[PDB]
Every structure is written in C-alpha cells, then in structure tokens.
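Notes to accompany the following structure.
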Amino acid sequence: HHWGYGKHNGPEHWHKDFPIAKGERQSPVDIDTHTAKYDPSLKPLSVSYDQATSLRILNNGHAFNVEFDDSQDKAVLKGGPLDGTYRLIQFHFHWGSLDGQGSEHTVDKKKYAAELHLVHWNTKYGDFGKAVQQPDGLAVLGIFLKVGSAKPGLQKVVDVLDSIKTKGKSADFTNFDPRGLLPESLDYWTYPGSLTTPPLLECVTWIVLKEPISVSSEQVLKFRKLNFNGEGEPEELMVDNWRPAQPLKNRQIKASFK
Ligand SMILES: CCCCNCC(=O)NCCc1ccc(S(N)(=O)=O)cc1
Ligand code: NA
Ligand SMILES: [Zn+2]
C-alpha cells in the first residue's frame with residue numbers, strides 16, 4: 003500500500019489498486035437534506051459506551067486511531083437501522099488544512115472542518132477482519148466538527164498528539180470516555196456504503212448525526228501539527244486526509260427525524 007492523500011497517490015489514484023473505488027456503494031456521499039426521506043420504522047439509536055475501555059492512540063500515517071478493547075461487549079452500538087450488536091473498535095478523524103474543508107460527508111454540499119468516525123463491527128462475524136468482508140459487517144457513526152467553542156471531551160485527545168507526531172508512533176490512552184465526543188441529539192441519516200480509505204470495502208452501514216459538535220480553532224490547529232511521515236523523514240503535515248463525496252448511484256439516504 004502506497005496510497006495517500008497527495009496529488010500523486012490520492013483519491014483519484016486509488017482505483018488502480020482498489021478497483022472497488024468505482025463501486026456501487028462507495029463512501030462518503032453528499033447528504034441532500036431535501037431528498038433524504040424520513041423513515042418512521044427506524045428505531046432510535048442505542049449508544050452504550052458506559053463500559054468503554056480505551057487502550058492506545060496510534061498515528062498510522064493516514065489519521066490517528068484511539069483504540070478500544072473489543073474482546074467483549076463493552077462499548078456497543080445497536081438500534082437505528084441495525085440488526086444485532088456492533089462493538090466499538092476505534093475512532094479517528096478526518097480534517098482539513100482550512101476550517102472550510104475536512105469532512106468526508108457533506109450536507110447540501112457543505113463541508114465541515116472535520117469528521118469523527120466511531121467504528122464498530124458486527125459481533127455475529129466474530130472479529131473485525133471477518134466483518135469487513137460482509138455487507139453488514141461495520142457500522143460507522145459519523146459526527147461533524149465545526150469550529151467555534153472548544154469541546155471539553157476532546158482535549159485529552161488533543162493533549163496527547165505531541166507524543167504521536169509521526170507515523171508508527173503510539174501512546175497509552177486508557178480511561179478515555181468517548182461519550183464526551185457526542186452532540187446532544189442522536190438524530191441521524193443512514194445509508195449503505197463503504198470504508199472511505201483503501202481497501203474501500205463495501206461493508207459499512209453509515210449513521211451520520213445531524214448535529215455537529217463544536218471544537219475550538221486551537222483544537223483543530225493541533226490536529227494539523229501531526230505528520231503523515233515517519234520520524235526522521237521529510238515533514239509532511241497531516242492535513243486534508245479526507246476522501247471527497249462519491250456518486251450516490253442506486254441508494255436512498257434515510258432520515259431518523261422529520
Ligand atoms: C485479516 C485482516 C485484514 C486487515 N484489514 C484491514 C482493514 O481493512 N482496515 C480498515 C480500517 C478502516 C478504514 C477506514 C474506515 S472509515 N474512514 O470508513 O471509518 C474505518 C476503518
Ligand atoms: Na478561536
Ligand atoms: Zn474515517
């Protein structure tokens with residue numbers, strides 16, 4: 003894998019190594035709020051993060067992941083469009099070089115400064132690697148970030164980024180509560196899609212919250228100080244690590260709210 007987000011290895015190139023990039027249910031997409039339809043049969047979302055056990059934070063050269071113990075049902079996502087139980091394995095963000103870009107999903111073509119992805123896998128498939136090979140293997144909860152007031156629950160993440168500046172660095176990150184990253188409302192849009200990075204597998208039920216969270220300019224500035232490169236390599240700031248919206252094709256986006 004030599005894919006990335008640069009001119010010579012970015013989203014326009016991915017299809018050469020990952021032909022599913024041009025598939026029938028790729029993500030992200032633009033959410034056209036007027037065309038999305040309220041689905042009264044959608045159940046409320048159940049976010050059960052009380053027993054979440056964070057372990058580590060990793061710069062993987064594409065983003066940073068906060069990783070969780072997913073060897074038991076400790077932090078799970080249920081309800082909404084989902085059948086069964088989905089275990090939280092990690093969260094990460096995508097963000098821009100400027101406050102007016104960075105999100106992967108867009109809303110009526112509006113780009114947010116960043117987007118949070120809480121990644122969960124369907125426990127009926129036993130492990131994450133098996134789950135990504137299934138059309139209902141993953142559920143990713145997406146949350147938009149806009150720049151304004153600080154998000155207090157994000158600051159512990161921001162604080163540790165200095166210790167994982169470069170690709171391949173990790174740090175202990177225990178006792179982090181991901182509930183501090185949620186907005187008030189769990190109103191959402193949902194549609195069938197894919198991973199937004201290679202391998203671009205079409206295994207994700209996307210659940211995108213309508214309400215953004217606010218983060219401060221200082222918080223997102225610190226995201227932008229991370230590096231794509233490894234230690235001792237030429238510095239490439241980790242910014243604009245987002246895939247643009249892909250064709251909706253034969254899909255309908257459903258809304259949980261009127
Ligand atoms: C046998 C195991 C094979 C390893 N398989 C590794 C693998 O496919 N990892 C996928 C990691 C990933 C990528 C993108 C998102 S997003 N941005 O869509 O939320 C979420 C998660
Ligand atoms: Na500010
Ligand atoms: Zn993501």
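According to PDB author numbering, the residues represented by the sequence shown are 3 to 125, 127 to 261, in order.
The C-beta atom is built at its ideal place from N, Cα and C for all residues, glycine as well.
Just to confirm, does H3 get its C-beta within under 7 Å of one of the non-hydrogen atoms of ligand 3? Here residue 3 refers to the residue found at position 1 when the sequence shown is read from its first residue. No.
Is it the case that the region 38–56 contacts the region 181–200, given that we only count it when at least three CB pairs across the two stretches are under 8 Å? In short, these stretches touch, since the Cβ pair count reaches three.
For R89, does the three-state DSSP call read helix, strand or coil? In the sequence shown, counting from the first residue as 1, residue 89 sits at position 87. It is a strand residue.
Does the contact criterion of 3 or more C-beta pairs under 8 Å hold for the region 222–231 versus the region 48–56? no
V163: first and last residue of the uninterrupted beta strand (DSSP E) it sits in: Counting from one through the sequence shown, the residue named residue 163 turns up at place 160. Here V163 belongs to no beta strand (DSSP E); instead the alpha helix (DSSP H) covers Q158 to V163.
Short of 6 Å in beta carbon distance, which residues of its chain neighbour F226, apart from the five on each side in sequence? Order them along the chain. Here residue 226 is taken as the residue at index 223 of the sequence shown, counted from 1. Cβ neighbours of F226 beyond the five flanking positions: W97.
Exposure of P155, with buried meaning 16 or more beta-carbon neighbours within 10 Å: Looking up residue 155 in the sequence shown gives position 152. Around the beta carbon of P155, fewer than 16 other beta carbons sit within 10 angstroms, so the residue counts as exposed.
Inter-residue Cα distance where the pair is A248 and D110: Residue mapping note: residue 248 aligns to position 245 of the sequence shown, counting from 1. Residue mapping note: residue 110 aligns to position 108 of the sequence shown, counting from 1. So the alpha carbons of these two residues sit roughly 11 Å apart.
Under the criterion of a Cβ to heavy atom distance below 7 Å, does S73 qualify as lining ligand 2? As a position in the sequence shown, residue 73 is number 71, starting the count at 1. No - ligand 2 has no heavy atom lying nearer than 7 Å to the Cβ of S73.
Consult DSSP for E14 and reduce its assignment to one of helix, strand or coil. To locate residue 14, count along the sequence shown from 1; it is residue 12. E14 falls in the coil class under three-state DSSP.
Give the straight-line distance between the Cα atoms of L185 and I216, rounded to the nearest whole angstrom. Counting from 1 along the sequence shown, the entry for residue 185 is found at position 182. Counting from 1 along the sequence shown, the entry for residue 216 is found at position 213. Their Cα atoms are separated by approximately 7 Å.
Straight-line Cα distance separating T199 from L144: Numbered from its first residue, the sequence shown carries residue 144 at position 141. Numbered from its first residue, the sequence shown carries residue 199 at position 196. If I take the Cα positions, the gap works out to 13 Å.
Using three-state DSSP, classify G183 as helix, strand or coil. For the purposes of this step, residue 183 is taken as the residue at position 180 of the sequence shown. Reduced to three states, the DSSP call for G183 is helix.
Where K261 and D190 are concerned, what is the direct C-alpha to C-alpha distance, given to the nearest angstrom? As a position in the sequence shown, residue 261 is number 258, starting the count at 1. As a position in the sequence shown, residue 190 is number 187, starting the count at 1. If I take the Cα positions, the gap works out to 10 Å.
Selected residue, minimal CA-CA separation from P46, among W245, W16, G82 and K149: Numbered from its first residue, the sequence shown carries residue 46 at position 44. When only C-alpha atoms are compared, the closest one is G82.
Taking three-plus beta-carbon pairs below 8 Å as touching, is the region 200–215 in contact with the region 172–184? no
For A134 and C206, believed in contact at Cβ under 8 Å, the rounded distance: Against the sequence shown, residue 206 aligns to sequence position 203. Against the sequence shown, residue 134 aligns to sequence position 131. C206 to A134, Cβ: 7 Å. Contact.
So the alpha helix (DSSP H) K225 belongs to, where does it begin and stop? The count along the sequence shown starts at 1 and reaches residue 225 at position 222. Counting along the chain, the alpha helix (DSSP H) containing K225 begins and ends at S220 to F226.
C-beta atoms of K112 and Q103 nearer than 8 Å: The count along the sequence shown starts at 1 and reaches residue 112 at position 110. The count along the sequence shown starts at 1 and reaches residue 103 at position 101. Cβ atoms of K112 and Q103: not closer than 8 Å.
Should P42 be listed as close to ligand 1, given that the test is whether its C-beta is under 7 Å from any heavy atom? Translated into positions along the sequence shown, residue 42 becomes position 40. Because no heavy atom of ligand 1 lies under 7 Å away, the Cβ of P42 does not count as near it: no.
Can you pull the DSSP bridge partners for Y191? In the sequence shown, the residue the question calls residue 191 occupies position 188. Looking at the DSSP assignment, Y191 forms a beta bridge with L212.
Assign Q222 to buried or exposed, taking buried as 16 or more other Cβ atoms, counted over all protein chains shown, within 10 Å of its Cβ. Locating residue 222 in the sequence shown gives position 219, where the first residue counts as 1. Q222 should be labelled buried.
If you run the structure through DSSP and keep just helix, strand and coil, what is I59? Here residue 59 is taken as the residue at index 57 of the sequence shown, counted from 1. Reduced to three states, the DSSP call for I59 is strand.
Our contact map puts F176 next to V68 with C-beta atoms below 8 Å; I'd like the distance itself, whole angstroms only. Within the sequence shown, numbered from 1, the residue matching residue 176 stands at position 173. Within the sequence shown, numbered from 1, the residue matching residue 68 stands at position 66. With a Cβ gap of about 6 Å, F176 and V68 count as contacting.
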